[PDB]
């Protein structure tokens, strides 16, 4: 491994782990297209299992990038259009407030204030219908961004309806398999349980609990190797042999809305490179905690801009993840941890590392 890569990673991550009390961590740096791997600590404290390049971490909301891309793939296949009314794919959604709410709004959290979480009370399909029918927007569609699992979650579920595949089957066949992400899972199979890290929340070992639209919004588990390959696939989508998938990746990094210095993609969020630290450390997306922001429509959406900081933060109760890349520089980072530690700390470390390497 290049000593420059070795030194910046270790010097940045070691104190991060110490200060955040992170039980276990995996990091990939993509430098000139090539992945370099680094691991620390424990996937399972009790059983003394170390973090390896084969350890599975819960990605949490980094799952939304897969959802966005699968969605873009369905657009490329001609199965859906982002301008489609939500009701085209869910005709039972007859409540009036849904008039004017498109798949674009769902995908980009601009539907008019769909809540961050689907309520735990929603435990059936009829429950979910009731929930969406009864939801009252605070804002007109396409006027404000409010980060919401119930928004992109619903986008994910509807985007696959024409295919007739379940969200999981469609994700596996159309994204995971073609990209050879053979250790990326919506549901961790028994064969992989030995590699599945425990997350840690207030000293307890925890895994994400099932919930409505969890797959679509926060339910992917992946290894550092697969995540590096995910970054490579998004850094240079033209190297991909399946056309619709290559096009789907491109669509996911298009710029649909602007708030402040950030542009909303499908799952991915983007800022112009070079970035103000600062404006990302600071920043988004979210406002964590939690931020209704006015959006300016980008009419029409700007195609994927090479000179971008493209990123997504993700958490579950026991895990914290971060992915960032700069297409123009063939440069990226994945940080996977089995503790949910503050977003600004992840962004700072990712910035420290990538700035030094570009």
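Positions refer to the first chain, counted from 1. Between two forms, the rigid core is defined as the largest C-alpha subset superposing within 1.5 Å.
J.: After superposing on the rigid core, which of 290-298 and 328-336 has its C-alpha atoms sitting farther from this form in 9 other deposited structures of this protein?
T.: When 290-298 and 328-336 are compared in 9 other deposited structures of this protein, the bigger C-alpha shift is seen for 290-298.
J.: Is it the case that, in at least a third of the other entries compared (those modelling both flanking residues), residue 169 has no coordinates?
T.: Modelled in all the others, so no.
J.: Hey, does residue 97 drop out of the model in a third or more of the other PDB entries compared here?
T.: Result for residue 97: never missing in the compared entries.
J.: Higher average CA B factor in the deposited record is what I'm after, so tell me if that's 293-301 or 63-71.
T.: The stretch with the larger average C-alpha B-factor is 293-301.
J.: Which is higher on mean Cα B factor in this entry, 232-240 or 256-264?
T.: Stretch with the higher mean C-alpha B-factor: 232-240.
J.: Which one, 223, 149, 125, 250, has the peak C-alpha temperature factor per the PDB entry?
T.: Among 223, 149, 125, 250, the highest C-alpha B-factor in the entry belongs to 125.
J.: Choose from 31, 322, 57, 40 the residue with the greatest Cα B-factor as stated in the PDB record.
T.: The record points to 31.
J.: If you rank every modelled residue in this chain by C-alpha B factor, which third holds residue 326: lowest, middle or highest?
T.: Middle third, going by the recorded CA B-factors of the chain.
J.: For residue 205, does the deposited CA B-factor place it in the lowest, middle or highest third of the chain?
T.: Top third by C-alpha B-factor.
J.: Can you tell me which third, lowest, middle or highest, the CA B-factor of residue 173 falls into for its chain?
T.: Middle third of the chain for residue 173's C-alpha B-factor.
J.: Looking at the C-alpha B-factor of residue 246, is it in the lowest, middle or highest third of its chain?
T.: Middle third of the chain for residue 246's C-alpha B-factor.
J.: Should residue 194 be placed in the lowest, middle or highest third of its chain by the C-alpha B factor in the entry?
T.: According to the entry, residue 194 has a C-alpha B-factor in the chain's highest third.
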